[PDB]
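Worth knowing before you read on, the calculation uses all heavy atoms, side chains too, and leaves out hydrogens, waters and symmetry mates. Each chain gets a letter, A, B and so on, in the order its sequence line appears, and its residues count up from 1.
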Amino acid sequence: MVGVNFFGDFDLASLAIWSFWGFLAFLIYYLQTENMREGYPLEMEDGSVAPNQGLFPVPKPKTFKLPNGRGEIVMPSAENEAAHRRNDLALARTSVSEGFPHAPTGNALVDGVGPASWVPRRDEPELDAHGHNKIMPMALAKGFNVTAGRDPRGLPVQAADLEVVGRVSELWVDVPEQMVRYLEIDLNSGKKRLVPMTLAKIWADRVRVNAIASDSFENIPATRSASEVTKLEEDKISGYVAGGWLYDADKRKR
Amino acid sequence: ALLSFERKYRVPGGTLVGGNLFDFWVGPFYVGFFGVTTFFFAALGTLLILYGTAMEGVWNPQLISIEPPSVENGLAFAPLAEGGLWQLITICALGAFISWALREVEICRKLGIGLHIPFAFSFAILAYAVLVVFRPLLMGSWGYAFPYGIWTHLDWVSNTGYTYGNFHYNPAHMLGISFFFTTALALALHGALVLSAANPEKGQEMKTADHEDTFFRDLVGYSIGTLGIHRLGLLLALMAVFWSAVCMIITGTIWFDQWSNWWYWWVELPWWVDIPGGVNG
Amino acid sequence: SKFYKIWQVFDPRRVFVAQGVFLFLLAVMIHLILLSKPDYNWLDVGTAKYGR
Amino acid sequence: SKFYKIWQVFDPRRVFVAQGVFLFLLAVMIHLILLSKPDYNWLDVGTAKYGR
Amino acid sequence: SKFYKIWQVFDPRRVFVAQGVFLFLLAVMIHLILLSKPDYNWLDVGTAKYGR
Amino acid sequence: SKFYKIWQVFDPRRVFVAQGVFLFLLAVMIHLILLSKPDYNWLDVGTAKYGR
Amino acid sequence: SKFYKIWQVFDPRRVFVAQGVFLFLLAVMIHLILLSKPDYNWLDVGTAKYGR
Amino acid sequence: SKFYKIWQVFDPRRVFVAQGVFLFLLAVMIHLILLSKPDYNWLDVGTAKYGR
Amino acid sequence: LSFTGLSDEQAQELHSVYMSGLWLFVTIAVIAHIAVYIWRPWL
Amino acid sequence: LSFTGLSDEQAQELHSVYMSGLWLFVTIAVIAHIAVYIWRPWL
Amino acid sequence: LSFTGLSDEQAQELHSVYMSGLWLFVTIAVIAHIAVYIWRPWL
Amino acid sequence: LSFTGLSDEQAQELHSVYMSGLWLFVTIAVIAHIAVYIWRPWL
Amino acid sequence: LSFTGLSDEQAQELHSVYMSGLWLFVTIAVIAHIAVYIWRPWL
Amino acid sequence: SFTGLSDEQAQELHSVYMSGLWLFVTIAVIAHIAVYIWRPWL
Amino acid sequence: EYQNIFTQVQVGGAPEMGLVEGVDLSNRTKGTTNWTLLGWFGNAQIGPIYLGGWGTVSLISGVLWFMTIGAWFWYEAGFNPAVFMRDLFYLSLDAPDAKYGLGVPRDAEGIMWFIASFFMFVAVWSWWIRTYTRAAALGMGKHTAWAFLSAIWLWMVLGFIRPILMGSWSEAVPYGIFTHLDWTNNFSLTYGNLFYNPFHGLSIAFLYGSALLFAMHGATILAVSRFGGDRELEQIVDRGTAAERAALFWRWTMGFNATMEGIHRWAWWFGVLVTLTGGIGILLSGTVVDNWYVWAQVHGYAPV
Ligand code: BCL
Ligand SMILES: COC(C)(C)C/C=C/C(C)=C/C=C/C(C)=C/C=C/C(C)=C/C=C/C=C(C)/C=C/C=C(\C)CC/C=C(\C)CCC=C(C)C
Ligand SMILES: COC(C)(C)C/C=C/C(C)=C/C=C/C(C)=C/C=C/C(C)=C/C=C\C=C(C)\C=C\C=C(/C)CC/C=C(\C)CCC=C(C)C
Ligand SMILES: COC(C)(C)C/C=C/C(C)=C/C=C/C(C)=C/C=C\C(C)=C\C=C\C=C(C)\C=C\C=C(/C)CC/C=C(\C)CCC=C(C)C
Ligand SMILES: COC(C)(C)C\C=C/C(C)=C/C=C/C(C)=C/C=C/C(C)=C/C=C\C=C(C)\C=C/C=C(\C)CC/C=C(\C)CCC=C(C)C
Ligand SMILES: [Fe+2]
């Protein structure tokens, strides 16, 4: 089939490349549609549905069957967008026109806006396949010990202000994945607060948390329970800590 | 324009240069100092390419080629019809890439996420630079840089390579190829696993990371993990680009002969040199 | 002398393993050196001596 | 007279597996050395002796 | 003798698997070495005997 | 004899599938070897026998 | 005569699939082998026979 | 002098290990660069001295 | 005894059907081979 | 006694039928080898 | 002591069967080698 | 003492039989080397 | 001590056995070197 | 300091270290000047 | 300021042996080793592993393939280990000669290549079935198998399919390190310049896109790992701020974005398309097109 043109210079290779262009167009359509199972329909800064919703249509709902009796999640669904919707946000318009920032009205860390934002996830812990809780304190994880690396437990916690706020007490560990997720801190004020390991750097003599200063460690969201942490609490905590890279920069030193 | 959840994240801050100035959005795009700068540079470079192919008389986008200056011109700025346009386009491309990366920095520090993405982009920027700035400088001319054409920079690839016999025999080239192949393999496998867990067989509940770890352990006896696979692929791509930049920076600056003759030091090792038999004996 | 405490510092397992590997590779290297030379090669030397 | 004690330092299974592998591969390498030389290659020597 | 305690040190099924694999690969090695040599190649030698 | 105790240490499924694949591959390999040799190629031999 | 117990060791839903795949690939391989031969290629030989 | 305090900071095991490795590599390189010297090669020298 | 979860009578049934199918397959193959031999013998 | 858990009776009958099959395979192989040797000897 | 927790009696009968099989394999190999030396020696 | 855990008596037995095997092996190897040296000397 | 935990008695026993083995090894090696020096001197 | 228990054991350890090094280096110099006389390089 | 590239603290307990979802626990091993060097990057648990019929078949066949190649290597070296280690990358079990066409080769090198390739066929397809069944047992999708099938498609095009259409096993790939590089180079040379193959360019586009995409995606997850991004299956059904911040970074950067489920479809497709397009391109070379530069000249992307 060399030099065998159906018409003109059109042989099996041209047929193939044009067929691929078609398949690729269809595939881009499929992928961009499947990327629309979250975040849609589009909104205004006022919260209303926008006149423009896109050039690819939002696809048909699929259903996720959840283990552990947790139910069925439909994507896209108005129920999923309503459950993950923040209400009564503490933000003020910077301008009447669109495309301009929204300014926090109070303490954006406490009010959970901007990089300190959190999503209203379900107030239920993340579970493993057996139905147990995925994140546990290492005391409740039977068999777990520090196989390698530095043990942070007992180390003082230095903040962005270069001041010390307390000492590490316990390690919250992902049991199926065998890794540290949060380290708990005994604050000098008599309170226990969680902090993500990804935002804590273990030195030989200290644990440095440069995100937030000493003022913010006290207002960190607490867990209703001391043995378990919910997805919601996790999101609140991690947002609060991360927001300090912006809202605690004037205090940060060195 | 806004996603259902985008409002609470649209706050002020996260700017390296300018404050209130240039802190706004054009639709979805965030435009700051570096958004402005990269738009300017990108539009100027595009228009320069279009004018260059107009001068040449070529409007088929598959034959457009803006070639560099000659090797005789050296490092000097050439007539715009003889390579100055390539030079301006290269300046604009560098500026646009760097401004894109710094815009990503601004966006990251506005969102509160880590700066891994501009770091990873910097590797590709640096490889492009190795190709059009640094290796030409060490070689003494911009004529060794690749042209801005869809199918002509492939001619540059081929000829640059065959100037050293088969370029397959460069060892850093080998490492780059291996890392690229492994990156593609790992991406395919990661997508496959996440989708197999999230979209399982009809009539079955959604799976967890336990099922993924178990699948890959039953398959090959090891699972690197959810965080490990991401660290791994990131580093794989970065090492691929690093070893490509190495293969090219040494190619006509420290090496000048065919790359196949490099390996003959292990053949000429004085204890098995003259043994008879095999390919080299 | 007082050398016996080297066991109070070193693990006999690891040190014995490394010593064995080292001795073996050293002997291999020496034998291969001797073979590298047309002389001191006992095989070709015997071939010459016995006329085979 | 005291070498029996080594079995308190080393696990017999690991030692035995390593010994087996080492001996087999050593013997193979020596046989291949011999077979690679026209002399000491017992097969060619035998082909010659009986003139076949 | 008392070799039978080799079954007290390590496990039978693993050694049996290893033994099968090893003996098979070794026998194939030897058959192929014999085939590599025009002499001891029983196929071509039989071809030559009966005139074929 | 007592060979029947090999099933007290081997699982029949494993040994059976392994044995099957082993035998199939060995048979295919021997047949291919025979086809590689212009002699013992039963197809060409039959071709020449009947004059075709 | 007690070969029915093979179905007490393997389950048929996988065995039949494996067997069908194996048989199809085997038939394909044999047909291909024969087509590779002008003497047992039935298309070319029918051609030569009927004068076309 | 008062050099006995070097071990208060340094780990004896790691120092000993690195020392051994470095000393062996050093002596190896010395012997090797002598072997490369035609005049100092004790092997070629013993070859020349005697008849062989 | 059984690792798959089948009786002896279940296995007898399964094997009876399997053997009938096998012998059908083999009869077809045998007739085909006889034909080919008569047409172009290889032995 | 048993790593697999099989009884000496189970293993006995299993080895019995196994050897039946092996001897069948070996008999077919021997017949084929005799036929081929008569056809084209190799040793 | 017994790293596989296997007695002396079990290990002893195990070795008995193992060595019986060993000697069978070996004597077949020896017969083959005798024949091979007879039709084409190598030493 | 014993990093492995074995007793002195168990170690003595292990080493006794280990030496038995080693000396049988070296015996076969010595006989083979004598045979070769007679057949084709190397030194 | 705190690096491996042994005691002077244990370490002396271990050094005794070790030096016995080493002296035997080096005696074998010197015998071999002497034989080689006779066969092919290298001074 | 960094070891925490070498304050005095360091004396023992440096003593044995010195003895071993002295043996090593006396052997090494013997060999060196033997080589010098057998073949001198300077 | 901690980039999460390496783990600071390792923890562990009893080994995660696995989940029972349809799996035969008898064919799965019971041995596991933890290795800390891997813990600084990924997980340290080595094992367990499933040992079944398909894996057994694939292991046997692949070991035989490897050993056949190595045996030819030993023959080509004259049984000299020194020449084996000297010429290791230069030795090769080469594809049959053209004189044999497609028939069973009548040479030692050629029949050895044929039988090694038979073993390779068996091993690769057995491993495909292994993947399919290991997913089916855990009630997981077959995406891994359908992805492996694209690589198998290219491997087949190279070794089995295209040699048949072109009419010779000499067109297939030899078993050697440098010889298969030489095969690629000579393939490009024989058919114009393989750069000017459009499907080759597409395969390259998708290869480069795989690295672009994984760099983007891994940098994203490590950037949002502080919010739990690495736990993607829980972000898919219970969206958190990690997914939202990732999506928003990419929307603000380049206008459009994906979901936590939806970027893995991009990943899967960029993966498989490399080998799909490459296989098509290799098929078309020699069978439909003898020169690719002249084809480009005729079809408007090479100057005349
Ligand atoms: C001089 C060289 C020629 C050239 C000639 C070729 C040829 C010829 C081919 C390509 C092919 C490719 N080339 Mg090239 N190539 C050139 C120029 C380039 C340049 C460049 C910048 O210059 C680039 C970036 C590329 C890029 C590529 C890839 C995009 C593509 C192969 C993809 C792949 O993953 O294959 C690798 C993946 C596989 C082979 C799949 C393997 C799957 C199997 C099943 C593996 C099983 C494993 C086995 C059993 C052993 C396992 C071991 C143990 C388990 C550990 N080439 C030049 C022009 N190139 C290939 C292609 O796709 O054609 C279009 C191809 O055949
Ligand atoms: C490349 O240069 C060349 C090769 C040419 C020259 C170099 C040559 C070199 C480097 C040669 C080196 C040779 C060496 C180091 C040889 C060492 C040989 C040894 C140590 C051999 C040991 C053999 C041991 C044997 C055969 C043991 C057999 C044991 C048994 C059968 C049973 C053992 C286990 C039992 C009984 C377990 C009982 C259990 C209980 C609980 C009591
Ligand atoms: C020390 O040495 C020992 C012996 C111990 C072990 C060493 C082994 C060594 C050194 C092995 C080396 C192996 C190497 C270097 C292998 C390299 C392989 C490479 C680079 C292969 C590249 C490409 C191969 C491809 C694409 C193969 C494709 C094959 C197929 C699609 C098979 C299709 C089937 C064919 C051709 C015919 C057979 C089919 C039937 C039905 C009979
Ligand atoms: C590369 O150089 C070449 C290869 C050319 C030359 C050199 C080759 C070399 C050095 C080869 C050396 C080979 C060696 C040393 C082989 C020596 C002996 C071997 C490994 C013999 C083993 C035989 C074992 C067999 C046949 C086992 C048979 C077992 C059975 C029949 C029964 C299996 C177990 C049962 C029934 C269970 C027992 C009872 C209970 C209750 C568990
Ligand atoms: C062509 O020439 C070019 C340009 C290439 C270079 C030319 C000239 C150069 C590069 C000249 C360089 C000269 C230098 C670097 C001079 C100084 C070198 C030194 C300081 C070397 C390094 C180490 C020396 C040491 C460690 C010597 C003795 C040290 C000790 C005994 C201290 C150990 C400490 C103990 C025991 C502390 C115990 C006490 C307590 C309380 C724990
Ligand atoms: Fe992911």
Side-chain angles (χ1 to χ4, degrees), chain A residues 38-47 50 52 62 64-68 70 73 81-82 84-86 89-91 94-95 97-104 108 112-119 126-130 134 174 176-179 198 211 238-239 241-247 249, chain B residues 1-15 19-32 106-116 191 195 197-215 217 223-229 231:
Chain A
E38 306 265 30
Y40 289 71
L42 302 177
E43 286 187 13
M44 279 274 175
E45 294 182 347
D46 293 77
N52 53 306
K62 83 190 290 174
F64 292 96
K65 271 181 55 45
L66 299 199
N68 303 120
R70 286 280 182 72
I73 302 312
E81 301 291 321
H84 288 98
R85 186 63 161 269
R86 282 289 297 289
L89 291 157
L91 295 156
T94 300
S95 190
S97 57
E98 298 276 321
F100 278 90
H102 299 259
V113 304
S117 303
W118 47 272
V119 179
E126 187 179 358
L127 303 183
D128 56 45
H130 321 113
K134 194 176 198 293
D174 185 311
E177 289 278 324
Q178 317 210 299
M179 49 173 295
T198 57
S238 55
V241 185
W245 276 112
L246 204 171
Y247 295 124
Chain B
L2 275 61
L3 297 171
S4 57
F5 52 77
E6 168 163 359
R7 182 163 97 79
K8 55 171 175 272
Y9 293 107
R10 286 198 170 192
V11 297
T15 54
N20 189 359
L21 188 46
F22 297 132
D23 204 358
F24 51 79
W25 279 266
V26 171
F29 308 94
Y30 176 74
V31 55
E106 280 189 6
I107 296 183
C108 284
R109 53 186 282 139
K110 185 183 290 285
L111 282 165
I113 62 163
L115 297 177
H116 303 60
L195 298 173
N199 312 269
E201 294 175 354
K202 196 71 198 178
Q204 285 164 7
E205 292 186 326
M206 207 192 167
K207 308 300 166 192
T208 65
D210 309 80
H211 288 84
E212 302 176 305
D213 272 351
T214 314
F215 167 84
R217 262 150 195 165
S223 189
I224 191 170
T226 54
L227 187 56
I229 184 72
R231 302 167 160 178

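Summarising the geometry of B:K8 relative to A:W118, their closest heavy-atom pair is CE-O, 4.0 Å, with the distance given to 0.1 Å. When all heavy atoms are compared, the tightest approach of B:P12 to A:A103 is CD-CA, 4.0 Å.
In this structure, the portion of A:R85 lying under 4.5 Å from any heavy atom of chain B is its side chain and not its backbone. For chain B, the nearby parts of A:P67 are the backbone and the side chain; heavy atoms of each come within less than 4.5 Å. Only the side chain of A:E81 comes within less than 4.5 Å of a heavy atom of chain B; its backbone N, CA, C and O stay farther away. The parts of A:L66 that come within reach of chain B are both its backbone and its side chain, each placing non-hydrogen atoms under 4.5 angstrom from that chain. Residue contact with chain A, scored on non-hydrogen atoms closer than 4.5 Å, involves the backbone of B:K110 exclusively. Contacts between B:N199 and chain A at a heavy-atom distance below 4.5 Å involve the side chain alone, from C-beta outward. Neither the backbone nor the side chain of B:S223 comes within contact range of chain A; no heavy atoms are under 4.5 Å apart. In this structure, the portion of B:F5 lying under 4.5 Å from any heavy atom of chain A is its side chain and not its backbone. For a residue to count as touching a neighbouring chain, one of its non-hydrogen atoms must lie under 4.5 Å from one of that chain's; by this rule A:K134 does not touch chain B. With a 4.5 angstrom heavy-atom cutoff, A:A129 touches chain B via backbone and side-chain atoms both.
Within 6.0 Å of atom CG in B:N20, 12 or fewer heavy atoms from other residues, nucleotides or ligands are found, so the atom counts as exposed in its surroundings.
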>> Walk me through whether B:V11 and A:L91 qualify under side chain to side chain contact (heavy atoms under 4.5 Å, CB included).
In response: CA-CA 9 Å; B:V11 297; A:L91 295 156; 3.9 Å; yes
> Could you go step by step and tell me if B:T226 and A:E177 meet the side chain to side chain contact (heavy atoms under 4.5 Å, CB included) rule?
Replying inline: CA-CA 8 Å; B:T226 54; A:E177 289 278 324; 3.7 Å; yes
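In this structure, B:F24 CZ and A:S97 OG are separated by 10.0 Å, a value rounded to the nearest 0.5 Å. Atom CZ of B:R7 is separated from atom CG of A:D46 by 8.5 Å, given to the nearest 0.5 angstrom. We find the NE2-OG distance between A:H84 and B:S4 to be 10.0 Å, quoted to the nearest 0.5 Å. The distance from atom NZ of B:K207 to atom NZ of A:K65, rounded to the nearest 0.5 Å, is 9.5 Å. For the atom pair A:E98 CD and B:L2 CG, the distance stands at 7.0 Å (nearest 0.5 Å). Atom CH2 of A:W245 and atom CG of B:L111 lie 16.0 Å apart (nearest 0.5 Å).
Taking chain A as the reference chain and counting heavy-atom pairs below 4.5 Å, the highest number among B:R10, B:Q204, B:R109 is found for B:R10. Comparing A:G244, A:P101, A:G112 by how many heavy-atom pairs each has under 4.5 Å with chain B, the most go to A:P101. When B:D23, B:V31, B:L227 are compared by the number of non-hydrogen pairs under 4.5 Å with chain A, B:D23 comes out ahead. Considering only heavy-atom pairs separated by less than 4.5 Å from chain B, the leading option among A:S117, A:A50, A:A242 is A:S117.
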